[PDB]
Amino acid sequence: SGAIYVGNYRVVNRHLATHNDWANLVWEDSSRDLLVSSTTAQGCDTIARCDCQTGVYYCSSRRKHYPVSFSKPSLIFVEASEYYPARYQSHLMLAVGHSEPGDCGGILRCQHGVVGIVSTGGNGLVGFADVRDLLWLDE
Ligand SMILES: COCc1ccccc1NC(=O)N1CCC[C@H](C(N)=O)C1
Ligand SMILES: [Zn+2]
């Protein structure tokens, strides 16, 4: 679990979105595993606008933050799950690191701000859904 709160928006993993999120839907994309809903309270996260490939992520299954090197956002094959069939997920960045189910939603940050959220894992790898291209999150 976890979310990004920026302006009047809440960014969450689409497969973990609630009834309130879908009732206040702004935008969703199954191919990215992202959903943005509207909030009544003002969010104060800064979204990074950069091509950083190093940062720090929060891993809930370890109650710890880890530094990582991560790949550029790309189309990566993701195995079938209870939420989606086997498919290419777009805008996904991989890193070598721990991640298990329950870790989705943990934030990945660089010195510029929030880069993305944990979305995939397994095999000693962790995948993050990028949010840096969503320029409208501020305006
Ligand atoms: C982050 O931990 C997830 C995980 C860790 C370790 C092993 C498997 C997973 N399961 C995982 O990748 N999926 C979870 C459900 C939806 C995800 C998606 N974006 O399509 C795919
Ligand atoms: Zn950066």
Where a ≥ b ≥ c are the square roots of the eigenvalues of the C-alpha gyration tensor, would you call segment 18-62 rounded, which needs a/c under 1.5, or, failing that, prolate if a/b is larger than b/c, or oblate?
prolate
Return the Cα extents of segment 45-139 along principal axes one, two and three, sorted largest first, each rounded to a whole Å.
34, 27, 19
Just for segment 45-139, what percent of DSSP beta bridges are antiparallel, to the closest 5?
95 percent
Given charges of +1 on the Cβ of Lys and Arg and -1 on the Cβ of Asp and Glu, with all other atoms neutral, how large is the dipole of the chain about its Cα centre, in debye to the nearest 20?
360 debye
Peptide ranges 77-88, 109-120, 32-43 listed from the most packed, as the mean C-beta count within 10 angstrom indicates:
109-120, 32-43, 77-88
Just the C-alpha atoms of segment 92-139: what Rg/Rh do they give, with Rh taken as the Kirkwood radius?
1.02
With contacts defined as alpha carbon pairs under 8 Å and 6 or more residues apart, what's the relative contact order of segment 5-139 in percent?
23 percent
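So basically every Cβ, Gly included, is an ideal-geometry build from the backbone, and we count neighbours across all protein chains shown. Read-outs: derived from the displayed coordinates by stated rules, not from any lab.
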